[PDB]
file run31.txt (compact mmCIF, C-alpha atoms)
# COMPACT_ATOMS: atom_id res chain seq x y z
CA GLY A 1 50.89 -14.52 13.15
CA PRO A 2 50.82 -15.00 9.34
CA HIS A 3 50.68 -18.66 8.30
CA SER A 4 50.98 -20.54 5.02
CA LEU A 5 50.19 -23.75 3.16
CA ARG A 6 52.43 -24.54 0.23
CA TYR A 7 53.23 -27.43 -2.06
CA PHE A 8 56.69 -27.77 -3.58
CA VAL A 9 56.50 -30.14 -6.54
CA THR A 10 59.27 -31.54 -8.72
CA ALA A 11 59.35 -33.67 -11.87
CA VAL A 12 62.74 -34.83 -13.18
CA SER A 13 63.02 -36.70 -16.49
CA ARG A 14 65.40 -39.67 -16.54
CA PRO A 15 65.73 -40.65 -20.21
CA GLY A 16 66.87 -44.26 -20.54
CA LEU A 17 66.53 -44.89 -16.80
CA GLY A 18 62.76 -45.08 -16.47
CA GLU A 19 59.77 -42.78 -15.88
CA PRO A 20 60.28 -39.26 -14.50
CA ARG A 21 60.87 -38.99 -10.74
CA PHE A 22 57.88 -37.06 -9.36
CA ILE A 23 57.80 -35.60 -5.84
CA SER A 24 55.21 -33.44 -4.12
CA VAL A 25 55.86 -31.96 -0.68
CA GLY A 26 53.34 -30.03 1.40
CA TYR A 27 54.32 -27.44 3.98
CA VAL A 28 52.48 -25.57 6.72
CA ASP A 29 54.53 -22.67 8.06
CA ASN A 30 57.71 -24.00 6.43
CA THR A 31 57.20 -27.38 8.14
CA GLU A 32 56.85 -30.50 5.97
CA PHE A 33 53.57 -32.29 6.78
CA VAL A 34 52.93 -34.49 3.69
CA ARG A 35 55.01 -36.03 0.89
CA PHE A 36 54.39 -38.10 -2.22
CA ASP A 37 57.36 -39.72 -3.96
CA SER A 38 56.80 -41.71 -7.18
CA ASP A 39 59.85 -43.86 -6.48
CA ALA A 40 57.82 -46.64 -4.86
CA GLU A 41 56.14 -49.84 -6.07
CA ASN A 42 52.85 -48.30 -4.94
CA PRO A 43 53.43 -44.55 -4.31
CA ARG A 44 50.99 -42.62 -2.13
CA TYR A 45 50.86 -39.49 -0.01
CA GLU A 46 52.36 -40.12 3.41
CA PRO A 47 52.12 -38.11 6.62
CA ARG A 48 55.35 -36.35 7.59
CA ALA A 49 54.02 -34.74 10.77
CA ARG A 50 52.27 -36.68 13.56
CA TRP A 51 49.26 -34.37 13.75
CA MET A 52 48.38 -35.38 10.17
CA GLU A 53 47.61 -38.98 11.07
CA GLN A 54 44.40 -37.41 12.37
CA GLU A 55 43.09 -37.52 8.78
CA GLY A 56 41.03 -40.49 7.63
CA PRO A 57 42.04 -43.07 4.97
CA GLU A 58 39.68 -41.24 2.61
CA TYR A 59 41.86 -38.13 2.69
CA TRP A 60 45.02 -40.00 1.70
CA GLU A 61 43.33 -41.96 -1.07
CA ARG A 62 42.03 -38.72 -2.54
CA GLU A 63 45.31 -36.83 -2.19
CA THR A 64 47.23 -39.79 -3.64
CA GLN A 65 45.08 -39.97 -6.77
CA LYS A 66 45.42 -36.20 -7.18
CA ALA A 67 49.21 -36.50 -6.99
CA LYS A 68 49.18 -39.39 -9.46
CA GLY A 69 47.16 -37.13 -11.73
CA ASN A 70 49.69 -34.31 -11.45
CA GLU A 71 52.51 -36.80 -12.03
CA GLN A 72 50.90 -37.54 -15.41
CA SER A 73 50.44 -33.86 -16.27
CA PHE A 74 54.08 -33.17 -15.41
CA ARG A 75 55.15 -36.17 -17.50
CA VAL A 76 53.36 -34.57 -20.45
CA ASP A 77 54.64 -31.09 -19.57
CA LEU A 78 58.25 -32.31 -19.68
CA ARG A 79 57.69 -33.52 -23.25
CA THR A 80 55.96 -30.27 -24.21
CA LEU A 81 58.89 -28.22 -22.95
CA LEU A 82 61.36 -30.29 -24.98
CA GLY A 83 59.44 -28.96 -27.97
CA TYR A 84 59.19 -25.32 -26.84
CA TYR A 85 62.95 -25.17 -26.26
CA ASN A 86 64.01 -27.50 -29.09
CA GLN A 87 65.86 -29.90 -26.78
CA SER A 88 66.70 -33.57 -27.29
CA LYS A 89 64.94 -36.52 -25.65
CA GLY A 90 68.26 -37.77 -24.29
CA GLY A 91 68.83 -35.17 -21.58
CA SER A 92 67.46 -34.84 -18.05
CA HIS A 93 65.31 -31.79 -17.28
CA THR A 94 63.46 -30.51 -14.22
CA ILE A 95 60.09 -28.82 -13.74
CA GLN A 96 59.35 -27.25 -10.36
CA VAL A 97 56.26 -25.59 -8.94
CA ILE A 98 55.49 -23.74 -5.72
CA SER A 99 51.72 -23.53 -5.15
CA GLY A 100 50.03 -22.17 -2.05
CA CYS A 101 48.57 -19.43 0.09
CA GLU A 102 49.47 -17.27 3.08
CA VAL A 103 46.85 -16.03 5.54
CA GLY A 104 46.76 -13.42 8.28
CA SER A 105 46.05 -13.98 11.97
CA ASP A 106 42.35 -13.53 11.19
CA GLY A 107 42.41 -16.51 8.83
CA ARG A 108 42.05 -14.48 5.63
CA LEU A 109 44.22 -14.73 2.50
CA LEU A 110 47.20 -12.34 2.37
CA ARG A 111 48.66 -13.60 -0.92
CA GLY A 112 48.60 -16.66 -3.16
CA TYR A 113 51.37 -18.36 -5.12
CA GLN A 114 51.57 -20.40 -8.31
CA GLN A 115 55.04 -20.22 -9.81
CA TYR A 116 56.86 -22.54 -12.21
CA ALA A 117 60.50 -23.09 -13.05
CA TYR A 118 62.17 -25.07 -15.81
CA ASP A 119 65.69 -26.36 -15.16
CA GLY A 120 66.07 -24.05 -12.17
CA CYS A 121 64.93 -20.86 -13.93
CA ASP A 122 61.64 -19.02 -13.47
CA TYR A 123 59.20 -20.00 -16.20
CA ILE A 124 55.79 -18.50 -15.40
CA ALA A 125 54.07 -17.11 -12.30
CA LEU A 126 50.66 -15.76 -11.33
CA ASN A 127 50.82 -12.08 -10.33
CA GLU A 128 49.68 -10.84 -6.91
CA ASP A 129 46.42 -9.58 -8.45
CA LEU A 130 45.70 -13.26 -9.14
CA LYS A 131 44.45 -12.44 -12.64
CA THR A 132 47.46 -11.88 -14.90
CA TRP A 133 50.60 -13.92 -15.65
CA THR A 134 54.30 -13.08 -15.88
CA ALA A 135 56.13 -15.12 -18.53
CA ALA A 136 59.91 -15.39 -18.19
CA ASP A 137 60.74 -16.11 -21.85
CA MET A 138 59.31 -16.88 -25.30
CA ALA A 139 58.42 -20.46 -24.36
CA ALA A 140 56.47 -19.26 -21.31
CA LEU A 141 54.41 -16.96 -23.53
CA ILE A 142 52.89 -19.96 -25.30
CA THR A 143 51.77 -21.30 -21.92
CA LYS A 144 50.54 -17.89 -20.83
CA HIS A 145 48.27 -17.54 -23.85
CA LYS A 146 46.78 -21.00 -23.28
CA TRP A 147 46.06 -20.29 -19.63
CA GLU A 148 44.61 -16.84 -20.41
CA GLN A 149 42.22 -18.42 -22.92
CA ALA A 150 41.19 -21.21 -20.54
CA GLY A 151 40.76 -18.86 -17.58
CA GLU A 152 43.39 -20.68 -15.51
CA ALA A 153 43.98 -17.59 -13.36
CA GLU A 154 40.32 -17.66 -12.32
CA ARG A 155 40.49 -21.34 -11.39
CA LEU A 156 43.54 -20.74 -9.20
CA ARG A 157 42.07 -17.69 -7.48
CA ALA A 158 39.08 -19.84 -6.50
CA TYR A 159 41.41 -22.50 -5.10
CA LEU A 160 43.65 -20.00 -3.33
CA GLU A 161 40.91 -18.00 -1.60
CA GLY A 162 38.70 -21.02 -0.98
CA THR A 163 40.13 -24.54 -0.80
CA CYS A 164 43.70 -23.54 0.11
CA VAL A 165 42.64 -21.24 2.97
CA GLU A 166 39.92 -23.55 4.28
CA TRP A 167 42.34 -26.47 4.48
CA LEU A 168 45.11 -24.33 5.96
CA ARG A 169 42.72 -23.34 8.76
CA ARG A 170 41.96 -27.02 9.26
CA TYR A 171 45.66 -27.92 9.35
CA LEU A 172 46.68 -25.00 11.58
CA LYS A 173 44.16 -26.08 14.20
CA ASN A 174 45.29 -29.70 14.01
CA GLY A 175 49.00 -29.01 14.30
CA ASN A 176 48.93 -25.63 16.05
CA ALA A 177 50.41 -26.99 19.28
CA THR A 178 53.21 -28.70 17.35
CA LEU A 179 53.76 -25.78 14.97
CA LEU A 180 54.21 -23.40 17.92
CA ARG A 181 57.00 -25.62 19.26
CA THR A 182 60.03 -23.69 20.51
CA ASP A 183 63.53 -24.86 21.52
CA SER A 184 65.86 -22.26 23.00
CA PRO A 185 69.49 -22.21 21.91
CA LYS A 186 72.30 -22.99 24.32
CA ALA A 187 75.34 -20.84 23.63
CA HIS A 188 79.02 -20.69 24.54
CA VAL A 189 82.15 -19.03 23.21
CA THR A 190 85.26 -20.89 22.03
CA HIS A 191 88.79 -19.44 21.72
CA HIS A 192 91.16 -20.20 18.82
CA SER A 193 94.70 -19.13 17.92
CA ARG A 194 95.55 -16.96 14.93
CA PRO A 195 98.79 -16.06 13.14
CA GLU A 196 100.77 -13.64 15.33
CA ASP A 197 99.08 -11.48 17.98
CA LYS A 198 95.43 -12.22 17.13
CA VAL A 199 92.82 -14.76 18.17
CA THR A 200 89.38 -15.86 17.06
CA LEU A 201 86.34 -15.87 19.31
CA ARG A 202 83.55 -18.08 18.04
CA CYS A 203 80.03 -17.87 19.43
CA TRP A 204 77.94 -21.03 19.17
CA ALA A 205 74.15 -21.39 19.26
CA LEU A 206 73.12 -25.04 19.48
CA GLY A 207 69.93 -27.08 19.64
CA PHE A 208 67.47 -24.34 18.76
CA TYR A 209 64.18 -24.43 16.88
CA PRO A 210 62.86 -23.01 14.61
CA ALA A 211 65.88 -22.18 12.44
CA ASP A 212 65.42 -18.38 12.55
CA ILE A 213 68.07 -16.84 14.79
CA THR A 214 70.47 -13.92 14.89
CA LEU A 215 73.99 -13.87 16.33
CA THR A 216 76.00 -10.67 16.78
CA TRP A 217 79.30 -9.58 18.28
CA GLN A 218 79.74 -6.23 19.99
CA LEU A 219 82.83 -4.26 20.92
CA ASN A 220 82.12 -2.10 23.96
CA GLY A 221 78.40 -2.06 23.20
CA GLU A 222 78.62 -1.37 19.45
CA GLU A 223 77.65 -4.09 16.95
CA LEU A 224 80.46 -5.44 14.75
CA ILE A 225 78.92 -6.46 11.42
CA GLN A 226 81.96 -5.88 9.20
CA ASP A 227 84.80 -8.41 9.67
CA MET A 228 82.60 -10.99 11.38
CA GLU A 229 82.34 -14.46 9.84
CA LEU A 230 79.33 -16.72 10.21
CA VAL A 231 78.01 -19.92 8.71
CA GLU A 232 74.59 -20.48 7.25
CA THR A 233 72.20 -21.98 9.79
CA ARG A 234 72.39 -25.76 9.52
CA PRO A 235 70.41 -28.80 10.75
CA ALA A 236 71.90 -30.90 13.54
CA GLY A 237 69.91 -33.81 12.14
CA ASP A 238 67.78 -34.34 15.27
CA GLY A 239 65.21 -31.65 14.51
CA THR A 240 67.16 -28.70 15.95
CA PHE A 241 69.57 -26.24 14.32
CA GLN A 242 73.06 -24.82 14.80
CA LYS A 243 74.89 -21.63 13.89
CA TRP A 244 78.00 -19.70 14.82
CA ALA A 245 79.59 -16.30 14.34
CA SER A 246 83.21 -15.41 14.98
CA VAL A 247 85.45 -12.34 15.07
CA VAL A 248 89.22 -11.91 15.08
CA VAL A 249 90.43 -9.76 17.98
CA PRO A 250 93.78 -8.66 19.48
CA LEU A 251 95.43 -11.11 21.88
CA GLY A 252 94.66 -9.84 25.38
CA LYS A 253 91.47 -7.98 24.40
CA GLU A 254 89.01 -10.87 24.59
CA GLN A 255 87.10 -9.27 27.49
CA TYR A 256 86.17 -6.24 25.37
CA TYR A 257 83.87 -8.36 23.19
CA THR A 258 80.44 -9.81 23.90
CA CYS A 259 78.27 -12.19 21.85
CA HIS A 260 74.51 -11.72 21.58
CA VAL A 261 72.03 -14.46 20.67
CA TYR A 262 68.48 -13.55 19.55
CA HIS A 263 65.89 -16.31 19.21
CA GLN A 264 62.12 -16.41 19.61
CA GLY A 265 62.46 -19.15 22.20
CA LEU A 266 64.41 -17.02 24.70
CA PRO A 267 62.79 -14.92 27.49
CA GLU A 268 65.44 -12.34 26.58
CA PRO A 269 68.54 -12.23 24.31
CA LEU A 270 71.62 -14.15 25.46
CA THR A 271 74.80 -12.21 26.24
CA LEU A 272 78.11 -14.10 26.50
CA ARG A 273 81.84 -13.54 26.64
CA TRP A 274 84.97 -15.67 26.35
CA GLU A 275 85.34 -17.49 29.68
CA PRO A 276 88.86 -18.75 30.40
CA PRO A 277 88.41 -21.79 32.70
CA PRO A 278 89.24 -20.52 36.22
CA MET B 1 69.92 -25.66 -18.82
CA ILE B 2 71.38 -23.69 -15.91
CA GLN B 3 73.49 -24.94 -13.02
CA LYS B 4 74.16 -23.94 -9.43
CA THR B 5 77.31 -25.04 -7.59
CA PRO B 6 76.66 -26.79 -4.26
CA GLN B 7 77.68 -25.17 -0.99
CA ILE B 8 78.94 -27.64 1.60
CA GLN B 9 79.21 -27.75 5.37
CA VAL B 10 80.77 -30.66 7.31
CA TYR B 11 80.21 -30.78 11.05
CA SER B 12 79.16 -32.91 14.04
CA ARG B 13 75.73 -33.08 15.66
CA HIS B 14 77.21 -32.79 19.14
CA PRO B 15 80.30 -30.96 20.43
CA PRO B 16 83.17 -33.21 19.32
CA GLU B 17 84.98 -35.04 22.09
CA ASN B 18 87.69 -37.60 21.38
CA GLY B 19 86.49 -41.14 22.01
CA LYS B 20 82.78 -40.37 22.39
CA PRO B 21 80.38 -41.61 19.67
CA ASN B 22 78.87 -38.77 17.65
CA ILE B 23 77.26 -38.10 14.28
CA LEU B 24 79.02 -36.42 11.38
CA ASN B 25 76.99 -34.34 8.94
CA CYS B 26 77.49 -33.17 5.37
CA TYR B 27 74.91 -30.50 4.60
CA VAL B 28 74.71 -29.80 0.85
CA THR B 29 72.68 -26.86 -0.43
CA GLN B 30 72.16 -24.48 -3.34
CA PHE B 31 72.57 -26.99 -6.16
CA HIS B 32 70.72 -27.62 -9.44
CA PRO B 33 70.17 -30.06 -11.21
CA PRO B 34 69.00 -32.36 -8.35
CA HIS B 35 71.17 -35.34 -9.31
CA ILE B 36 74.13 -35.34 -6.95
CA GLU B 37 76.65 -37.85 -5.58
CA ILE B 38 77.77 -37.57 -1.95
CA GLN B 39 80.41 -39.67 -0.18
CA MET B 40 81.87 -39.28 3.28
CA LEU B 41 85.53 -40.19 3.79
CA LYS B 42 87.66 -41.32 6.73
CA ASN B 43 91.39 -40.78 6.24
CA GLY B 44 90.77 -40.70 2.51
CA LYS B 45 88.71 -43.89 2.34
CA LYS B 46 84.99 -43.95 1.56
CA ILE B 47 82.74 -44.68 4.56
CA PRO B 48 80.23 -47.49 3.72
CA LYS B 49 77.27 -46.66 5.98
CA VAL B 50 76.17 -43.13 5.04
CA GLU B 51 72.52 -42.15 5.35
CA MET B 52 70.77 -39.56 3.19
CA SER B 53 67.78 -37.42 4.12
CA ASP B 54 65.01 -36.91 1.58
CA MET B 55 65.84 -34.14 -0.89
CA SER B 56 63.94 -30.86 -0.82
CA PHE B 57 64.21 -27.53 -2.62
CA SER B 58 63.94 -23.93 -1.49
CA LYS B 59 62.21 -20.77 -2.71
CA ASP B 60 65.06 -20.00 -5.12
CA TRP B 61 64.50 -23.44 -6.70
CA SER B 62 67.85 -24.87 -5.57
CA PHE B 63 67.96 -28.27 -3.85
CA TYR B 64 69.33 -29.29 -0.47
CA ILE B 65 69.96 -32.52 1.41
CA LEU B 66 71.72 -33.86 4.48
CA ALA B 67 74.04 -36.85 4.55
CA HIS B 68 75.19 -38.24 7.88
CA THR B 69 77.10 -41.12 9.43
CA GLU B 70 77.94 -42.38 12.90
CA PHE B 71 81.52 -41.77 13.99
CA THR B 72 83.84 -41.57 16.97
CA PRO B 73 86.36 -38.72 16.55
CA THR B 74 89.98 -38.97 17.67
CA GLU B 75 92.70 -36.33 17.68
CA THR B 76 94.32 -37.67 14.50
CA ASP B 77 91.57 -39.10 12.27
CA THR B 78 90.64 -36.99 9.23
CA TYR B 79 87.11 -36.73 7.84
CA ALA B 80 85.75 -35.19 4.67
CA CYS B 81 82.71 -34.99 2.47
CA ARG B 82 83.14 -35.43 -1.28
CA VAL B 83 80.51 -34.18 -3.68
CA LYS B 84 80.18 -34.85 -7.40
CA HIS B 85 77.79 -32.55 -9.30
CA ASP B 86 77.40 -31.47 -12.93
CA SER B 87 78.05 -27.82 -12.03
CA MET B 88 81.67 -28.63 -11.19
CA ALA B 89 84.37 -30.10 -13.43
CA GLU B 90 85.80 -32.27 -10.66
CA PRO B 91 84.40 -33.56 -7.33
CA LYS B 92 84.63 -31.18 -4.36
CA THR B 93 86.14 -32.41 -1.09
CA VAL B 94 85.46 -30.47 2.12
CA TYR B 95 87.31 -31.49 5.28
CA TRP B 96 85.83 -31.59 8.76
CA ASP B 97 87.26 -28.87 10.98
CA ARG B 98 86.57 -29.53 14.69
CA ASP B 99 86.30 -25.80 15.34
CA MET B 100 83.64 -24.99 12.76
CA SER C 1 45.09 -30.23 0.03
CA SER C 2 46.85 -29.67 -3.25
CA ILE C 3 45.35 -28.44 -6.50
CA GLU C 4 45.27 -30.32 -9.78
CA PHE C 5 47.78 -28.61 -12.07
CA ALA C 6 46.93 -27.43 -15.57
CA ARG C 7 49.22 -28.32 -18.46
CA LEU C 8 51.94 -26.10 -19.96

call {"tool": "encode", "arguments": {"input": "run31.txt", "output": "structure tokens"}}
result
Amino acid sequence: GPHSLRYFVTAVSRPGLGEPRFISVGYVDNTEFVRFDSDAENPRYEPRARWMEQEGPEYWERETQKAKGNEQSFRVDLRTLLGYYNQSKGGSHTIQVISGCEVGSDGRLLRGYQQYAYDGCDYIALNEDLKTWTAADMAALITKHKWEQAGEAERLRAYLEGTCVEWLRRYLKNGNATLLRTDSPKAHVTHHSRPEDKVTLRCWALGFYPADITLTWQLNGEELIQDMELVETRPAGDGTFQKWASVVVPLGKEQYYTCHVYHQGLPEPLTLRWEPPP
Amino acid sequence: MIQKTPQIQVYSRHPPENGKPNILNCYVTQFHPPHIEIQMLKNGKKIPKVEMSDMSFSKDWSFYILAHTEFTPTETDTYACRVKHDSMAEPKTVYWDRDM
Amino acid sequence: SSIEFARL
């Protein structure tokens, strides 16, 4: 299906503590494959996914120098923004960027990204047409006018449709087998007491991958999406994910409810019910 | 400046069973700025050996990270995750609930 | 591969 290559970059100023902390993370289909962290005696891009060690020492040297170059630009950018927003040199600020492309199953570009944020708020972004810019505030307008004059949008469109896509194709074919990895969830229902004549049924989905999943509770075949609680999907820490959804039901009516688990790893959705140990 | 309050989840990697070694997690998401202080507690006392994953950020710009420690649950021991972040006046303590 | 960022 549709795939993507994106870099999530962060620069955080640390006045009075040292140089800004600079981090660049590369993703292929929401999976981290490379990372550069300036917090090292000799920082360099490092592989984060096995299939990347297939690249030669020339690739890493080049990427590393490019990241060191961006670290410098961001260092300057942090100073520039202190001016644009009339802020002191004693506070910590953050600059973030999401740069990348998404392609279709035919390998062609579906959309490119290049968006900035200052202290957690949108700053400037390249529009879908890949020619114009959307500034978030007055400070961003100064940047917009510079980039419009220098033809920055044109430079990015060339990178997005060319370099970005070409390398994504290369990556996708090197990690395809790994990227298509699938781990089905194992589910079960737990029973918990509630004040008075009610009880809670909690449906667990454990050890699945990727994180995308849907859990539902039905009462006699109808989906119950109102008074149903659920937690955000969370990492188990071993590469797989967890999630649960619960509903409060009348004591003695547990058999009227069924849990449904939908995940791309399953041959078909899982259907479960509370099972009192015989 | 702008700040986002961290959301916290405390839970085990494996179904908790008294006496059997496990791993306790403190998943912290949706916060900004990135500077954050995370401590895990056992019966109110800070746990020394607590590992931290690398920090990352999502599409909405907010950061997330996972802190974890080895532990062997019992019926009476209490665990919690305490987070200090500029978005909150005081540190936030979330207790581990075996059923969640 | 990443792109070299322009300055703000």

call {"tool": "residues_around", "arguments": {"input": "run31.txt", "residues": "range 34-37 of chain B", "least_positions_apart": "2", "cutoff": "9 Å", "atoms": "only C-alpha atoms", "output": "NGL selection string"}}
result
(:A and (12 or 94)) or (:B and (31-32 or 39 or 55 or 57 or 62-64 or 82-86))

call {"tool": "residues_near_point", "arguments": {"input": "run31.txt", "point": "(77.9, -18.9, -8.3)", "cutoff": "10 Å", "atoms": "only C-alpha atoms", "output": "compact mmCIF listing (two decimals) with C-alpha atoms, keeping the file's coordinate frame"}}
result
# COMPACT_ATOMS: atom_id res chain seq x y z
CA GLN B 3 73.49 -24.94 -13.02
CA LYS B 4 74.16 -23.94 -9.43
CA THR B 5 77.31 -25.04 -7.59
CA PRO B 6 76.66 -26.79 -4.26
CA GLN B 7 77.68 -25.17 -0.99
CA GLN B 30 72.16 -24.48 -3.34
CA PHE B 31 72.57 -26.99 -6.16
CA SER B 87 78.05 -27.82 -12.03

call {"tool": "atom_distance", "arguments": {"input": "run31.txt", "atom1": "CA of residue 170 in chain A", "atom2": "CA of residue 240 in chain A"}}
result
26.1 Å

call {"tool": "closest_residue", "arguments": {"input": "run31.txt", "among": "A:263, A:108, A:62, A:186", "to": "chain B", "atoms": "only C-alpha atoms"}}
result
A:186

call {"tool": "residues_around", "arguments": {"input": "run31.txt", "residues": "range 5-8 of chain C", "least_positions_apart": "5", "cutoff": "8 Å", "atoms": "all atoms listed in the file", "output": "short mmCIF file (atom, residue, chain, number, x, y, z; two decimals) with C-alpha atoms, in the coordinates of the input"}}
result
data_model
loop_
_atom_site.label_atom_id
_atom_site.label_comp_id
_atom_site.auth_asym_id
_atom_site.auth_seq_id
_atom_site.Cartn_x
_atom_site.Cartn_y
_atom_site.Cartn_z
CA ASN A 70 49.69 -34.31 -11.45
CA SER A 73 50.44 -33.86 -16.27
CA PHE A 74 54.08 -33.17 -15.41
CA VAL A 76 53.36 -34.57 -20.45
CA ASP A 77 54.64 -31.09 -19.57
CA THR A 80 55.96 -30.27 -24.21
CA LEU A 81 58.89 -28.22 -22.95
CA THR A 143 51.77 -21.30 -21.92
CA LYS A 146 46.78 -21.00 -23.28
CA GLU A 152 43.39 -20.68 -15.51
#

call {"tool": "closest_residue", "arguments": {"input": "run31.txt", "among": "A:251, A:82, A:153, A:135", "to": "chain B", "atoms": "all atoms listed in the file"}}
result
A:82

call {"tool": "closest_residue", "arguments": {"input": "run31.txt", "among": "A:249, A:165, A:206, A:9", "to": "residue 1 in chain C", "atoms": "all atoms listed in the file"}}
result
A:165

call {"tool": "atom_distance", "arguments": {"input": "run31.txt", "atom1": "CA of residue 225 in chain A", "atom2": "CA of residue 270 in chain A"}}
result
17.6 Å

call {"tool": "interface_residues", "arguments": {"input": "run31.txt", "of": "chain B", "to": "chain A", "cutoff": "12 Å", "atoms": "all atoms listed in the file", "output": "PyMOL selection string"}}
result
chain B and resi 1-4+7-15+22-35+51-70+86+98-100

call {"tool": "write_last_selection", "arguments": {"input": "run31.txt", "atoms": "C-alpha atoms", "output": "short mmCIF file (atom, residue, chain, number, x, y, z; two decimals), in the coordinates of the input"}}
result
data_model
loop_
_atom_site.label_atom_id
_atom_site.label_comp_id
_atom_site.auth_asym_id
_atom_site.auth_seq_id
_atom_site.Cartn_x
_atom_site.Cartn_y
_atom_site.Cartn_z
CA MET B 1 69.92 -25.66 -18.82
CA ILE B 2 71.38 -23.69 -15.91
CA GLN B 3 73.49 -24.94 -13.02
CA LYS B 4 74.16 -23.94 -9.43
CA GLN B 7 77.68 -25.17 -0.99
CA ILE B 8 78.94 -27.64 1.60
CA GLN B 9 79.21 -27.75 5.37
CA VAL B 10 80.77 -30.66 7.31
CA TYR B 11 80.21 -30.78 11.05
CA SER B 12 79.16 -32.91 14.04
CA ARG B 13 75.73 -33.08 15.66
CA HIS B 14 77.21 -32.79 19.14
CA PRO B 15 80.30 -30.96 20.43
CA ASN B 22 78.87 -38.77 17.65
CA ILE B 23 77.26 -38.10 14.28
CA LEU B 24 79.02 -36.42 11.38
CA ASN B 25 76.99 -34.34 8.94
CA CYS B 26 77.49 -33.17 5.37
CA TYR B 27 74.91 -30.50 4.60
CA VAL B 28 74.71 -29.80 0.85
CA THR B 29 72.68 -26.86 -0.43
CA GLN B 30 72.16 -24.48 -3.34
CA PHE B 31 72.57 -26.99 -6.16
CA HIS B 32 70.72 -27.62 -9.44
CA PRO B 33 70.17 -30.06 -11.21
CA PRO B 34 69.00 -32.36 -8.35
CA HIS B 35 71.17 -35.34 -9.31
CA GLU B 51 72.52 -42.15 5.35
CA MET B 52 70.77 -39.56 3.19
CA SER B 53 67.78 -37.42 4.12
CA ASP B 54 65.01 -36.91 1.58
CA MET B 55 65.84 -34.14 -0.89
CA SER B 56 63.94 -30.86 -0.82
CA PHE B 57 64.21 -27.53 -2.62
CA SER B 58 63.94 -23.93 -1.49
CA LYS B 59 62.21 -20.77 -2.71
CA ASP B 60 65.06 -20.00 -5.12
CA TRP B 61 64.50 -23.44 -6.70
CA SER B 62 67.85 -24.87 -5.57
CA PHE B 63 67.96 -28.27 -3.85
CA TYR B 64 69.33 -29.29 -0.47
CA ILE B 65 69.96 -32.52 1.41
CA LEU B 66 71.72 -33.86 4.48
CA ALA B 67 74.04 -36.85 4.55
CA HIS B 68 75.19 -38.24 7.88
CA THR B 69 77.10 -41.12 9.43
CA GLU B 70 77.94 -42.38 12.90
CA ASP B 86 77.40 -31.47 -12.93
CA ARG B 98 86.57 -29.53 14.69
CA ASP B 99 86.30 -25.80 15.34
CA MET B 100 83.64 -24.99 12.76
#

call {"tool": "closest_residue", "arguments": {"input": "run31.txt", "among": "A:203, A:140, A:168, A:213", "to": "residue 29 in chain A", "atoms": "only C-alpha atoms"}}
result
A:168

call {"tool": "closest_residue", "arguments": {"input": "run31.txt", "among": "A:254, A:212, A:63, A:223", "to": "chain C", "atoms": "all atoms listed in the file"}}
result
A:63

call {"tool": "atom_distance", "arguments": {"input": "run31.txt", "atom1": "CA of residue 127 in chain A", "atom2": "CA of residue 115 in chain A"}}
result
9.2 Å

call {"tool": "closest_residue", "arguments": {"input": "run31.txt", "among": "A:222, A:106, A:46, A:166", "to": "chain C", "atoms": "all atoms listed in the file"}}
result
A:166

call {"tool": "residues_around", "arguments": {"input": "run31.txt", "residues": "residue 139 in chain A", "least_positions_apart": "2", "cutoff": "8 Å", "atoms": "all atoms listed in the file", "output": "PyMOL selection string"}}
result
chain A and resi 81+84-85+137+141-143

call {"tool": "write_last_selection", "arguments": {"input": "run31.txt", "atoms": "C-alpha atoms", "output": "tab-separated table (two decimals), in the frame of the given file"}}
result
chain	number	residue	atom	x	y	z
A	81	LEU	CA	58.89	-28.22	-22.95
A	84	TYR	CA	59.19	-25.32	-26.84
A	85	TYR	CA	62.95	-25.17	-26.26
A	137	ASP	CA	60.74	-16.11	-21.85
A	141	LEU	CA	54.41	-16.96	-23.53
A	142	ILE	CA	52.89	-19.96	-25.30
A	143	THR	CA	51.77	-21.30	-21.92

call {"tool": "axis_aligned_box", "arguments": {"input": "run31.txt", "around": "range 19-34 of chain B", "padding_each_side": "6 Å", "output": "lines of an AutoDock Vina configuration file"}}
result
center_x = 77.7
center_y = -33.0
center_z = 5.6
size_x = 29.5
size_y = 29.1
size_z = 45.6

call {"tool": "residues_around", "arguments": {"input": "run31.txt", "residues": "residue 3 in chain C", "least_positions_apart": "3", "cutoff": "12 Å", "atoms": "only C-alpha atoms", "output": "VMD selection string"}}
result
(chain A and resid 5 to 9 24 26 62 to 70 97 to 101 113 to 114 155 to 160 162 to 164 167) or (chain C and resid 6)
